[PDB]
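For the sequence shown, the tail end lands on 176 under the deposited numbering, and the numbers increase by one without skipping.
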Amino acid sequence: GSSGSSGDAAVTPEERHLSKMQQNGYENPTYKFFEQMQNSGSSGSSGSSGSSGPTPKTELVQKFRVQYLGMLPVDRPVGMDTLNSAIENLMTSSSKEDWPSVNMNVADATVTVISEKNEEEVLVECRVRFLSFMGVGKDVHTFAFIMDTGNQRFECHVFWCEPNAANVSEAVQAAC
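In structure tokens, the structure reads:
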């Protein structure tokens, strides 16, 4: 029942931010501002957006030790409620320990889920460009990001960060 009026400010500086993230979240503007472009349509029957080739060079890069929960299909590219769904989805599927270890790379505003067992093992390669929505669920150790694989398809990948998802996410903020 109605109980309070004590007056006390006991909150961590890392939560001050994560808070706004759990409230609204982070929606990539480019994903919606991707209207002005010059696409081409020439003969090229194939099931891929061309070729990428070798990875580019880079001087700066951040590596965060996080766990992998798995991919989860969604209905919308954005919407906190939607994200929270993926987290709870996998969380139930696999346990906290069941989740394997993986190194997250934040170089060139690019996200590359590297394997903990092998550095030269890119588990997942995502770019801030494809990234549609990203935020924190109910828990501060639950961070997921939805990307666009094409054909109106969105894959929600969840990852456990420690001691929280304040750093990782934050680093992904400027990545946009």
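For each residue, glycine too, the CB sits at the ideal point set by N, CA and C.
Counting C-beta atoms within 10 angstroms of its own C-beta, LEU72 has 16 or more neighbours from the protein chains shown and is therefore classed as buried.
About 12 Å separates the Cβ atoms of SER101 and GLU121, ruling out a contact at the 8 Å cut-off. Between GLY137 and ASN84, the beta carbon gap of about 5 Å places them in contact (Cβ cut-off 8 Å). When DSSP reads this structure, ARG153 sits in a beta bridge with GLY150. By the beta-carbon neighbour count (other beta carbons within 10 angstroms, threshold 16), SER6 is exposed. Look at the beta carbons and you see the region 51-68 touching the region 161-169: at least three pairs across the two are nearer than 8 Å. Between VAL106 and the set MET91, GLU35 and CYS126, the nearest pair of CA atoms involves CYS126.
Annotated three-state conformation of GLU88 is helix, per DSSP.
The three-state secondary structure of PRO73, taken from DSSP, is strand. Contact annotation, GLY25 with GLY135: C-beta distance approximately 3 Å; criterion of less than 8 Å satisfied. In the DSSP secondary-structure assignment, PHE159 is bridged to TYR68 and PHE143. Here DSSP, grouped into helix, strand and coil, assigns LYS20 to helix. Contact annotation: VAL140 and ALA165 have beta-carbon atoms nearer than 8 Å. Sorting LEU123, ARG16, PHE133 and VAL172 by C-alpha distance to the C-alpha of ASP81 places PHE133 at the top.
Here DSSP, grouped into helix, strand and coil, assigns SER169 to helix. When rounded, the separation of the alpha-carbon atoms in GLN38 and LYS57 is 27 Å.
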